[PDB]
Amino acid sequence: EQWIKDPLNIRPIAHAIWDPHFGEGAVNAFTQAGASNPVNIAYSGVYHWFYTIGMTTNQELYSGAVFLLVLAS
Amino acid sequence: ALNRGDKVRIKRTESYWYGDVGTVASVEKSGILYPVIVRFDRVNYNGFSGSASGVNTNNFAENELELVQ
Amino acid sequence: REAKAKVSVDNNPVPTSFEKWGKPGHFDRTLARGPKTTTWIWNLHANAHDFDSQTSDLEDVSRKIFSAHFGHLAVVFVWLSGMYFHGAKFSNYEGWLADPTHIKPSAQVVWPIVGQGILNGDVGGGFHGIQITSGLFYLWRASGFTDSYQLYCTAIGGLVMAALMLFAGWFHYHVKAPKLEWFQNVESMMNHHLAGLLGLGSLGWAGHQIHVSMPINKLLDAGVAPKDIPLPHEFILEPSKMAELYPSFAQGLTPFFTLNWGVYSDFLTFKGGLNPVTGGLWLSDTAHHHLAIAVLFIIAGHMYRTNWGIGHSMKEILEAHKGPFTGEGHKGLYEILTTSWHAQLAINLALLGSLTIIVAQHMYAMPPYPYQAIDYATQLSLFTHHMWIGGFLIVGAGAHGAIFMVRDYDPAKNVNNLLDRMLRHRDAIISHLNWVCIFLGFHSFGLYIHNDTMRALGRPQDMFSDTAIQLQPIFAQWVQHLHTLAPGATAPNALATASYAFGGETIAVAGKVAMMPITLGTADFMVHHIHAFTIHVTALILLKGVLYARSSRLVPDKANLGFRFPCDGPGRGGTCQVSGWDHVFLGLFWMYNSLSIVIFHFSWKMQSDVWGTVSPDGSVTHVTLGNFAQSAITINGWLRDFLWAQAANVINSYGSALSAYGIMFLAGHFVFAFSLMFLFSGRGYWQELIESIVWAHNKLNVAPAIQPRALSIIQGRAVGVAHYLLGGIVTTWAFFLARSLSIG
Amino acid sequence: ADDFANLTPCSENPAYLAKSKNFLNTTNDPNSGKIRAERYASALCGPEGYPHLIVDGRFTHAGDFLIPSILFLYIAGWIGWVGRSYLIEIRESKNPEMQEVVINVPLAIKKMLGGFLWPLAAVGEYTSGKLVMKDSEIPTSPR
Amino acid sequence: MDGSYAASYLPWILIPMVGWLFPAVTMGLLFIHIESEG
Amino acid sequence: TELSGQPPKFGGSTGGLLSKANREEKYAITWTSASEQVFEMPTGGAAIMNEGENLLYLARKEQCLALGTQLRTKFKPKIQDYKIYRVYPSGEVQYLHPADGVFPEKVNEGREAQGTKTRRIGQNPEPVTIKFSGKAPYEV
Amino acid sequence: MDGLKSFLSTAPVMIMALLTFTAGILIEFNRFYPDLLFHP
Amino acid sequence: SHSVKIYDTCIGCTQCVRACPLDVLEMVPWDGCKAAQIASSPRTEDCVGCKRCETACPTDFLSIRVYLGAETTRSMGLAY
Ligand code: CLA
Ligand code: CLA
Ligand code: CLA
Ligand code: CLA
Ligand SMILES: CCCCCCCCCCCCCCCC(=O)OC[C@H](COP(=O)(O)OC[C@@H](O)CO)OC(=O)CCCCCCCCCCCCCCC
Ligand SMILES: CCCCCCCCCCCCCCCC(=O)OC[C@H](COP(=O)(O)OC[C@@H](O)CO)OC(=O)CCCCCCCCCCCCCCC
Ligand SMILES: CC1=C(/C=C/C(C)=C\C=C\C(C)=C\C=C\C=C(C)\C=C\C=C(C)\C=C\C2=C(C)C(=O)CCC2(C)C)C(C)(C)CCC1
Ligand SMILES: CC1=C(/C=C/C(C)=C\C=C/C(C)=C\C=C\C=C(C)\C=C\C=C(C)\C=C\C2=C(C)CCCC2(C)C)C(C)(C)CCC1
């Protein structure tokens with residue numbers, strides 16, 4: 001939702017990091033793209049996909065994930 | 001019916017000289033399944049790795065030979 | 001030519017002819033019948049010097065070996081004379097000698113064509129050529145060469161000597177061929193090689209240094225200029241010209257015979273340090289050293305019994321050495337080293353390669369030739385060159401140890417001697433060496449991996465560094481301290497330290513540093529353990545190849561298969577590379593790896609904590625600003641601050657006199673990648689491809705009578721490893737040369 | 001008319017002129033750079049200043065590829081034909097293999113010299129000779 | 001390590017479980033299965 | 001029955017039998033020697049065979065056969081009366097080599113023919129013609 | 001003698017002779033007429 | 001174990017038996033060649049698969065063929 005507000009400047013994030021090996025330097029380095037916690041930035045263009053497809057909220061992506069769980073089932 | 005000196009082509013498919021030409025050296029008497037001794041000019045593959053040449057003689061049957069001269 | 005000696009020769013065993021030159025393969029009965037397959041060609045080169053597979057006569061083999069030795073000595077004489085002549089009529093040795101500190105040693109001029117003339121860069125004094133790193137000019141200045149005509153005369157003498165050695169080989173293989181009895185005089189041969197070759201050699205060289213090197217260099221360093229120095233023989237014609245430099249000469253050789261040696265303290269010194277003018281060892285010290293070494297070798301050349309009852313029988317000495325742990329001891333070793341050429345070759349290759357690596361290590365830190373420490377390119381080049389020579393000789397020692405095991409090992413004559421017991425606990429030896437290599441690899445490379453992971457995660461305090469968890473090499477620091485305290489205490493008469501690398505003054509000549517204290521820290525500890533690890537792995541491969549050449553639990557009849565065989569089939573799970581030759585093949589790669597890490601360590605440490613400039617303050621600014629401590633502890637450090645950084649000279653070398661180094665850089669890369677094809681594939685695929693191409697030639701009747709065969713498995717391996725080593729070593733050659741020639 | 005609008009003749013390209021003013025001498029000739037700068041001003045250059053070659057097939061650039069192609073085709077046909085006829089004459093010398101390793105110098109030179117007529121002897125052997133061989137008379141592997 | 005996203009306590013215990021408990025259990029089960037009967 | 005013969009004179013080595021000889025199986029080579037001789041051990045190092053009967057235990061059959069080839073190819077009075085057996089942990093002994101008291105190199109009556117195909121090599125059935133079966137071209 | 005000629009007529013000698021002869025040809029051609037990128 | 005098959009193109013030169021390092025092969029009487037014998041593989045459970053019998057075979061492509069099968073202690077050549 002933040003990425004949609006300014007797609008040309010905000011980098012898309014794939015998911016958050018949770019690694020106990022991390023030190024302060026690594027934490028500070030990976031708190032990026034306006035995130036409050038360590039995070040990896042997305043590099044697969046799935047954000048542009050979901051946006052061009054018409055998805056605009058987090059709840060839509062969530063319901064899609066749940067429905068795909070049901071599809072796998 | 002083949003005699004010494006008969007240039008012949010090998011038809012054994014699996015043979016190294018299948019389609020090549022070899023000269024008959026001798027024909028052993030009846031009873032043996034492969035009596036026709038054929039010598040060749042091109043040596044085959046036999047020999048341990050790195051060896052010099054190979055074997056240039058083999059025994060076939062009449063049915064496995066096509067006659068030339 | 002008896003002279004009441006033990007000489008015994010055959011007056012005409014081999015006739016001289018040219019007909020056999022027209023029969024390629026005369027030495028091999030399997031090749032004399034003519035080629036039928038392409039393999040015939042390759043084997044012709046493989047068994048060329050394999051004299052054992054050509055004849056079962058040990059005498060004829062010894063004769064072939066002797067004449068081949070003479071031929072190789074003629075070849076080395078030809079090469080040395082080529083170097084001397086190229087220094088004579090194609091180098092700037094005189095313009096350099098007139099002013100070394102402002103000119104680059106050049107030689108080998110390039111013909112201006114197709115653009116290649118760009119390689120003749122300006123070296124100083126208007127001379128244009130390729131800067132040489134062999135350090136020939138420094139050696140010639142140490143010898144006292146003043147005029148290019150003398151280099152020409154040395155070249156002529158070397159060519160005459162080459163002709164002499166060639167004639168001697170022909171004469172002793174065709175005319176007077178010595179018998180097998182004459183070669184087996186190991187006591188006499190040893191006495192002579194100690195006294196005649198080594199003793200007399202160093203004695204005569206000490207004499208030449210005292211009469212030519214020392215006086216000329218004493219003047220040369222004082223600024224007398226070459227053209228004003230009298231000729232080397234004017235010092236022999238005029239004794240006052242020797243007494244003016246060394247008043248000890250005025251007393252003559254009377255104090256020598258009367259043991260009044262201290263008088264000679266004018267020219268026989270023990271200074272220890274370096275010459276402050278040029279940055280090399282004192283030639284007085286080198287002459288004194290050659291005198292001592294000559295006396296030592298002459299005294300040593302008297303130990304063994306020959307034709308007069310006095311002396312030591314090496315058989316009795318070897319057999320007299322046996323203990324509770326080793327059974328019958330060294331019994332049967334005399335018979336081995338007397339009836340087997342490969343055992344001798346293995347021992348001698350091992351010791352010679354070790355001596356070569358020792359030469360590299362002792363010349364980098366104790367620069368013996370004048371103005372060689374100033375030149376970083378020459379220093380690095382000589383270091384790595386002798387390093388690689390030693391590594392290859394050691395791998396060859398392993399190869400010939402295995403060859404002896406397969407061919408000349410006789411179990412009937414090795415009953416409970418040292419070799420027998422080694423064969424009887426080779427399992428314990430190899431298992432423990434396996435464990436030691438694993439422990440070192442975990443505890444050297446693994447430490448680097450730990451540092452990489454800790455630094456990457458932002459945890460510098462968890463690293464193995466001088467600033468975190470220190471790995472101080474305490475013992476080496478203690479020994480360096482002892483070296484820096486030796487002059488005056490544990491070395492009373494020695495004026496200075498043996499070398500300033502252990503500590504002392506930061507000796508600098510001209511604007512650059514010659515030799516300063518080399519500090520040792522956590523990164524040095526880690527690199528030394530990497531060295532131990534790689535050396536252990538290479539030695540494990542070679543020693544396992546030697547000890548298991550005859551047999552193993554997999555192949556109990558391996559000896560009957562020979563020294564060089566690809567395998568024994570895909571059975572027993574797979575038995576590829578079970579032979580000793582394949583162990584040499586793998587040990588080649590691991591020797592390359594070991595020596596590459598050694599020379600990379602040398603380059604980075606010298607450039608980082610030693611090499612550099614010095615400003616008129618005592619302060620030293622090193623080449624790459626001491627980045628060894630904080631960067632040589634991770635692999636990323638070696639990738640970035642050593643390989644990525646210092647290869648900038650090599651990649652941007654286009655458009656200058658060093659573009660050839662970029663060319664050869666890319667060429668070595670290509671040859672490594674090309675080797676990979678021979679290393680990763682198998683012969684069957686290539687033989688099938690050749691079958692298809694042979695059909696295609698049969699379509700147009702271009703079929704060669706010599707049937708094209710794919711490279712044999714062993715030959716595929718040999719080609720792959722040869723190209724691998726060539727590519728990698730040429731890559732690092734170009735890299736090192738360009739880098740050390742673009743650092744001032 | 002306006003073909004190859006991305007390229008301009010080297011004389012009309014300013015980068016090429018600036019660089020050719022400082023072209024390097026190749027051989028001992030001090031004018032080798034000058035004569036190279038004069039010879040390369042003929043072709044088409046790019047924005048950087050180095051000439052581009054045109055293998056489109058037009059005869060305005062017949063020297064860029066057509067003429068070297070013709071020359072190499074002639075010479076390589078010569079080499080191949082002399083080698084093939086040498087091997088075939090070797091085939092009938094009782095010991096052909098050791099004459100394939102040890103080169104019969106007179107026969108080799110006689111084959112080589114008579115190679116300037118390879119493109120005619122080629123069609124001579126193709127029309128009714130030994131250039132192409134029947135497939136059934138060639139040894140093959142199992143399918 | 002933290003997380004402004006909701007249920008940030010879930011990775012807290014879920015990372016050791018995916019990294020320690022789950023692998024140890026699966027490897028132990030597969031090891032017992034590899035070496036079964038005899 | 002009971003294998004007889006004096007063990008060769010040997011100081012020991014680390015290449016001999018392991019836990020397999022007592023857990024799984026072992027092998028034995030017996031041979032008569034015309035004199036006390038020195039031979040090479042298939043497990044490494046030299047040993048001394050006694051004059052008369054010699055019994056030696058080895059871990060693998062190929063080791064005994066290597067010793068047999070060495071006995072029959074490397075000594076002035078060729079040792080060819082050697083016998084190779086297989087010993088099990090229950091003490092059972094299975095005579096092995098030479099199978100019928102005659103070396104397999106030379107023909108001898110009484111031997112059956114096994115693994116003999118009446119057809120040619122290139123006359124094997126195509127795999128597609130025997131697929132979804134538990135057999136291969138060289139088995140049917 | 002005859003063996004000397006047979007040695008001088010071997011494969012490596014002949015191949016290196018032809019390669020050196022062609023090397024000389026090409027080197028001299030590019031020496032007297034250099035930088036021949038294309039035919040005018 | 002490995003399979004060791006023998007075909008009718010056997011000439012009975014006994015070389016593969018001489019080359020075998022584990023006594024897998026035998027020379028049995030036959031009537032299909034001059035030597036009046038043929039190769040056999042009675043003791044296949046001792047075959048390791050070193051392909052020496054094939055290496056010592058003279059016929060144009062081997063008359064004796066070794067096919068590597070289920071591995072065991074004996075076939076893998078283990079002394080442990
Ligand atoms: C003082 C006597 C003497 C000397 C100096 C040598 C020296 C040498 N021997 Mg020899 N040898 C000797 C006694 C001696 N040997 C005796 C008594 C025997 C019988 C047991 C042998 C049997 C023997 C064998 C079987 C072999 C040698 C070999 C060698 C050479 C190998 C080392 C090398 O390459 O170094 C560096 C090389 C040089 C410095 C080149 C110089 C060579 C010249 C011709 C010899 C020295 C000049 C001569 C003594 C005249 C000096 C007069 C004047 C200068 C004062 C070497 C030059 C090996 C060989 O041939 O290697 C090539 C070899 O195969 N030796
Ligand atoms: C004084 C040292 C010495 C001596 C005299 C010998 C002697 C011998 N060795 Mg040994 N060996 C040595 C050192 C030595 N070696 C070293 C340093 C190594 C490590 C590489 C080995 C490793 C070794 C192996 C693996 C083998 C031998 C073998 C042999 C025997 C056959 C010789 C041969 O192969 O023919 C002639 C040699 C060749 C045809 C090789 C040519 C390949 C060239 C050198 C490529 C290298 C490229 C070049 C250096 C630079 C590139 C140039 C290029 C671009 C044109 C022979 C009696 C063979 C054997 O079976 O022993 C009985 C064998 O298998 N040796
Ligand atoms: C970077 C490439 C590479 C590496 C990783 C190795 C690795 C090794 N080689 Mg090898 N080799 C290589 C290239 C390489 N080789 C090539 C190209 C060749 C062809 C010539 C050979 C041929 C060769 C031979 C002939 C021999 C070796 C030997 C060895 C072993 C040496 C013993 C040791 O150091 O202990 C162990 C060191 C390591 C395992 C390094 C990695 C350690 C990491 C940092 C720790 C990992 C942490 C943890 C376990 C990870 C857990 C993961 C998690 C998901 C569970 C070692 C495992 C020798 C040997 O067997 O030693 C006795 C030996 O004989 N090599
Ligand atoms: C294949 C899909 C997938 C992948 C690759 C990941 C990846 C990751 N997840 Mg996530 N997750 C997924 C689906 C997936 N997730 C789904 C569908 C849900 C909602 C049920 C979640 C809910 C979830 C939570 C609550 C957390 C993660 C977390 C994580 C990280 C550590 C793994 C972990 O501890 O949680 C384990 C994952 C689960 C318990 C959910 C089950 C995953 C799906 C339903 C099954 C996947 C099966 C699939 C076939 C893979 C099998 C392996 C393959 C070889 C066959 C990791 C980067 C942690 C994190 O945030 O890291 C910081 C964590 O806190 N995941
Ligand atoms: C940076 C330098 C690079 C160093 C790399 C060193 C590579 C080491 C490889 C180990 C094998 C070396 C021993 C070879 C000896 C050896 O046995 O090698 C192994 C291989 C043997 O194959 P086989 O086992 O099939 O041979 C058995 C036959 O004898 C059958 O009877 O021989 C070959 O490689 C054939 C190729 C010859 C290539 C012919 C080219 C000749 C080159 C001429 C110029 C020589 C150089 C002159 C000096 C400048
Ligand atoms: C941290 C502080 C502790 C440091 C202690 C380190 C030393 C303890 C281990 C050393 C091994 C002692 C055995 C050799 C002493 C020794 O040779 O004893 C002598 C003995 C043979 O002596 P004999 O009585 O038979 O002498 C008669 C001879 O003339 C005939 O051969 O050799 C053996 O017992 C074979 C065992 C050697 C296998 C051990 C070698 C292991 C390598 C050790 C490498 C570590 C240091 C390497 C640095 C280069
Ligand atoms: C009564 C009837 C009709 C009326 C039909 C009505 C009234 C509605 C029809 C609705 C239909 C036909 C809906 C189809 C929906 C498919 C959906 C919604 C999604 C499929 C998604 C998949 C498979 C995976 C999607 C993924 C997920 C979930 C993501 O979030 C990211 C993208 C992607 C990874 C692709 C009409 C009159 C017409 C014909 C006569 C019968
Ligand atoms: C011109 C042109 C081009 C091209 C084109 C083309 C595409 C062509 C082709 C072609 C083809 C498609 C061909 C094929 C063929 C076939 C064949 C078949 C041939 C061959 C043959 C033979 C038979 C040979 C023989 C010989 C000789 C003659 C000599 C040497 C020796 C030998 C033997 C090799 C380009 C674009 C580039 C450019 C422009 C134009």
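Residues numbered from 1 in each chain as written, not as in the entry; some residues may be left out. Chains lettered and ligands numbered in written order. Part of a larger assembly, values for the part shown. Heavy atoms only, no water.

What the deposited record gives as its method is X-ray crystallography, and the resolution it gives is 2.501 Å.

Colleague: Explain the overall build of chain F residue by residue, including any values.
Modeller: For chain F, the count of helices and strands is two helices and six strands. Mapped in sequence order, the helices and strands of chain F form the string α-β-β-β-β-α-β-β. Relative to the globule expectation of 14 Å for 140 residues, the C-alpha radius of gyration of chain F, 20 Å, shows a markedly less compact shape. In terms of overall dimensions, chain F has C-alpha extents of about 60 × 35 × 30 Å along its principal axes. Total accessible area on chain F stands at roughly 7,200 Å², and carbon and sulfur atoms take up 50% of it. Counting 19 positive and 16 negative side-chain charges, chain F places the averaged centre of each group 6 Å from the other. (Helix = DSSP H or I, 4+ residues; strand = E, 2+ residues; numbered from the N terminus. Rg over C-alpha atoms; globule rule 2.2 N^0.38 Å. Areas by Shrake-Rupley, 256 points an atom, 1.4 Å probe, with all protein chains shown as cover. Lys, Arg positive; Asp, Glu negative; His and termini not counted. Charge placed at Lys NZ, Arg CZ, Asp CG, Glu CD.)

Colleague: Any chance you could break down the site of ligand 4 for me, citing the residues and the numbers?
Modeller: Taken together, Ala16, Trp18 and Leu69 of chain A together with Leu10, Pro11, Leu14, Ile15 and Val18 of chain E are the residues near ligand 4. More than one chain reaches ligand 4: its neighbouring residues belong to chains A and E. Residue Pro11 of chain E places a main-chain N or O atom 3.2 Å away from an oxygen atom belonging to ligand 4. At 3.3 Å, a backbone N or O of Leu14 of chain E approaches an oxygen atom of ligand 4. When residues of the shell around ligand 4 are assigned to their parent elements, the largest contribution, five residues, is made by helix 1 (residues 9–34) of chain E. (Near = heavy atom within 4 Å. Polar contact = N/O pair within 3.5 Å; in protein donor to acceptor, adjacent residues only side chain to side chain.)

Colleague: I'd like a rundown of the arrangement of the chains, residues and numbers included.
Modeller: Where twelve pairs of chains are in contact, the pair with the most contacts is made of chains F and H. Separated without contact, chain D and chain E have their nearest C-alpha atoms at a distance of 42 Å. One finds no contact linking chain A with chain G; the least C-alpha distance across the pair is 46 Å. (Contact = heavy atoms within 4.5 Å.)

Colleague: Describe the interface of chain H and chain F, listing the residues and the values that go with them.
Modeller: If you look at the interface, chain H gives 37 residues, while chain F gives 35 residues. When chain H packs against chain F, the two sides together hide about 3,000 Å² of surface, and 55% of this comes from carbon and sulfur. For chain H, the biggest contributors to the area lost against chain F are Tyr7, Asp23 and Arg74 of chain H; these three give 19% of the whole. Joining chain H to chain F, the criterion identifies three salt bridges. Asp46 of chain H serves as the salt-bridge partner of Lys61 of chain F, at 2.5 Å between the closest nitrogen and oxygen. Taken together, the links from chain H to chain F amount to 17 residue pairs in polar contact. Elements supplying a minimum of two residues to the side of chain H that touches chain F: strand 1 (3–6), helix 1 (15–19), strand 2 (26–29), strand 3 (37–40) and strand 4 (64–67) of chain H. Among the residues making up the side of chain H that touches chain F, the classes are represented as 20 nonpolar, eight polar and nine charged. (Buried area = accessible area lost by both parts, 1.4 Å probe. Salt bridge = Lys/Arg side-chain N within 4 Å of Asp/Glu carboxyl O. Nonpolar A, V, L, I, M, F, W, Y, C, P; charged D, E, K, R; others polar.)

Colleague: Any chance you could break down the UniProt feature "binding site: [4Fe-4S] cluster" in chain C for me, citing the residues and the numbers?
Modeller: Per the UniProt entry, the sites bearing "binding site: [4Fe-4S] cluster" are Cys567 and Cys576 of chain C in this numbering. Tracing the backbone through its elements, the reader meets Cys567 of chain C in the loop between helix 21 (558–561) and helix 22 (580–609). The contacts of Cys567 of chain C, once residues within four sequence positions are left out, are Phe48 of chain B together with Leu561, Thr575 and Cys576 of chain C. Structurally, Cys576 of chain C is set in the loop between helix 21 and helix 22. (UniProt positions renumbered as here; feature names shortened; annotations may be inferred.)

Colleague: Explain the interface of chain C and chain H residue by residue, including any values.
Modeller: Opposite the eleven residues of chain C that make contact, chain H presents eleven residues. Run the count over chain C and chain H and you get two salt bridges. Salt-bridge contacts for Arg52 of chain H lead to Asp557 of chain C; the nearest nitrogen and oxygen are separated by 3.0 Å. Applying the counting rule to chain C against chain H returns five residue pairs in polar contact. Its residues placed into classes, the side of chain C that touches chain H shows four nonpolar, three polar and four charged.

Colleague: Account for the state of the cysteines, with residues named and values stated.
Modeller: Summed over all chains, the structure comprises one disulfide over all chains. A sulfur-sulfur separation of 2.0 Å characterises the disulfide bridge that pairs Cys10 of chain D with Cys45 of chain D. Judged by the sign of its S-S torsion, about 90°, the cystine formed by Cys10 of chain D and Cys45 of chain D is right-handed. Linking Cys10 of chain D in the loop between strand 1 (8–9) and helix 1 (14–20) with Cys45 of chain D in strand 2 (residues 44–45), this pair joins segments that are 35 residues apart in sequence. The exposure class of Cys10 of chain D is buried, given its relative accessible area of 0%. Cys20 of chain H supplies the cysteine sulfur nearest to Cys64 of chain F, a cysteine that is in no disulfide, at a spacing of 14 Å. No disulfide involves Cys20 of chain H; its sulfur sits 6.8 Å from that of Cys50 of chain H, the nearest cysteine. (Disulfide = S-S within 2.5 Å. Buried < 20%, exposed > 50% of the residue type's maximum accessible area, 1.4 Å probe, protein only.)

Colleague: Help me get a handle on the packing of helix 15 (residues 341–365) of chain C against helix 16 (residues 376–407) of chain C, residues and values and all.
Modeller: Residues and elements named next belong to chain C. It is at 7 Å that the axes of helix 15 and helix 16 come closest, and there the two elements cross at 165°. Considering their axes alone, helix 15 and helix 16 lie roughly antiparallel with respect to each other. Seen from above, helix 15 lies across helix 16 with left-handed handedness. For the contact of helix 15 with helix 16, the per-class residue count stands at 20 nonpolar, twelve polar and one charged. (Axes fitted to C-alpha atoms, helices over the stretch in contact; angles between N-to-C directions. Parallel < 35°, antiparallel > 145°, perpendicular 65-115°, else oblique. Left-handed = near helix turned anticlockwise from the far one by under 90°.)

Colleague: Describe the pattern of salt bridges, listing the residues and the values that go with them.
Modeller: If the charged atoms of two oppositely charged side chains come close together, the side chains can form a pair. According to the stated counting rule, one finds 51 salt bridges over all chains in the structure shown. In this structure, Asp3 of chain D and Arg58 of chain D form a salt bridge, with 3.6 Å as the shortest nitrogen-oxygen distance. In this pair, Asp3 of chain D is assigned in the segment before strand 1 and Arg58 of chain D in the loop between strand 3 (51–52) and helix 3 (66–90), connecting sequence segments 55 residues apart. Judged by relative accessible area, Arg58 of chain D falls into the partly exposed class, the value being 28%. Here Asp46 of chain H and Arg86 of chain F are joined by a salt bridge, their closest N and O atoms 3.0 Å apart. With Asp46 of chain H in the loop between strand 3 and helix 2 (52–55) and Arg86 of chain F in strand 5 (residues 83–87), this pair bridges two chains.

Colleague: Tell me about the sheet that holds strand 5 of chain F, and name the residues and values.
Modeller: Residues and elements named next belong to chain F. Read across the open sheet, the four strands follow the order 4-1-5-6; overall the sheet is antiparallel. Edge positions in the sheet fall to strand 4 (52–58) and strand 6 (93–97), since each of these pairs with one other strand and no more. This sheet shows a mean twist of 25° between the axes of neighbouring strands, independent of strand direction. When strand 5 meets strand 6, the two strands line up antiparallel, connected through four bridges. (Pairing = 2+ DSSP bridges.)

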